[PDB]
Structures are given as C-alpha cells and as structure tokens.
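Note sheet for the following structure.
FYI the Cβ positions are ideal-geometry reconstructions off the backbone, even for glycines, and counts take in every protein chain you see. Derivation of every value follows stated rules applied to the coordinates shown; laboratory data play no part.
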Amino acid sequence: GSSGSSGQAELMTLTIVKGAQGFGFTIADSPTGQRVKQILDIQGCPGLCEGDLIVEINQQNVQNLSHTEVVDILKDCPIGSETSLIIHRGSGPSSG
C-alpha cells in the first residue's frame, strides 16, 4: 500500500461479558462490517445501543472480516469473562 492521506477519529471501546450462549446479543452482516442485530441481555452488553458497527474485538482488526471471522473470534472469547469491543461512533463534535 502507499496511501498519503490523513483523517482520524476516536472510537468507542465498550466492554461485554460472554454469558453462555455466546453473549446475550446477536449480530448481523451489514454492508459496513458486522452490526448488533438485537440485544437479548442488557448486562450481557453494558453500553451497547444496537445497530452499532463492529471494528475491533480484543484489539483484533475485524472491519473487513466476514461475519464468520467475527463469530469465530467471539467463539475464541472466554465464557463468563470480560471481552473488549471497539465500535464506530463520533463523526465530529457538536452539542455532546
């Protein structure tokens, strides 16, 4: 790669816990990466707001990852333990 542009943001890490069934929320393949389909356990995903956009799981890069690749990483995750996800938010500053 070469590139030669700049452009930067500050993305939200949130923390989640892997109950038994593979968290208490579901995912969907979107044109933009994986998204939250639906939350099924609020404290299974404290701070998740649905339709948010998966970018990193435990600092692994998963934007360009297929649905399966993201599911697999969430399978690698330990049950009952924390997992740290990073989602897409904050285009620019305004009244927030």
Taking the range 1-44 as the region of interest, how many residues are touching a helix residue (DSSP H, G or I) at 6+ places or on another chain (Cβ under 9 Å), closer than 22 Å to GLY80 by Cβ and either of a type in the set (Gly, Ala, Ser) or assigned to a strand (DSSP E or B) (or both)? 7
Please verify whether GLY47 is free of Cβ contacts under 8 Å to residues at least 12 places away in the same chain, out of contact with any helix residue (DSSP H, G or I) (no Cβ under 6 Å at 6 or more places or on another chain) and among the small types (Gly, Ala, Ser), treating the condition exactly as stated. no
Pairs needed: first member in the range 18-41, under 20 Å from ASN58 (Cβ atoms) and in contact (Cβ under 8 Å) with a residue 12 or more places away in the chain; second member anywhere, in a loop (DSSP other than H, G, I, E, B) and of a type in the set (S, T, N, Q); C-beta distance under 6 Å; at least 6 residues apart or different chains. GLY33/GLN63
One residue from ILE57, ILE87 being free of Cβ contacts under 8 Å to residues at least 40 places away in the same chain, on the phi < 0 side of the Ramachandran plot, touching a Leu at 6+ places or on another chain (Cβ under 7 Å) and not basic (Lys, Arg): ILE57
Of the residues in the range 35-66 that are of a type in the set (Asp, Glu) and over 10 Å from the mean Cα position of the chain (by Cα), the one that is surrounded by the most Cβ atoms within 10 Å (Cβ to Cβ) is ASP41
For the range 46-96, which residues satisfy the criterion of being outside any loop (DSSP other than H, G, I, E, B), acidic (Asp, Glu) and touching a strand residue (DSSP E or B) at 6+ places or on another chain (Cβ under 8 Å)? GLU56, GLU82
Surrounded by 12 or more Cβ atoms within 10 Å (Cβ to Cβ), more than 18 Å from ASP72 (Cβ to Cβ) and not hydrophobic (A, V, I, L, M, F, W, C): is that true of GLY22 in this structure? no
Among the residues of the range 63-78, write down those that are closer than 18 Å to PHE23 by Cα and touching a residue at least 24 places away in the same chain (Cβ under 8 Å). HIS67, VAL70, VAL71, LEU74, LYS75, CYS77, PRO78
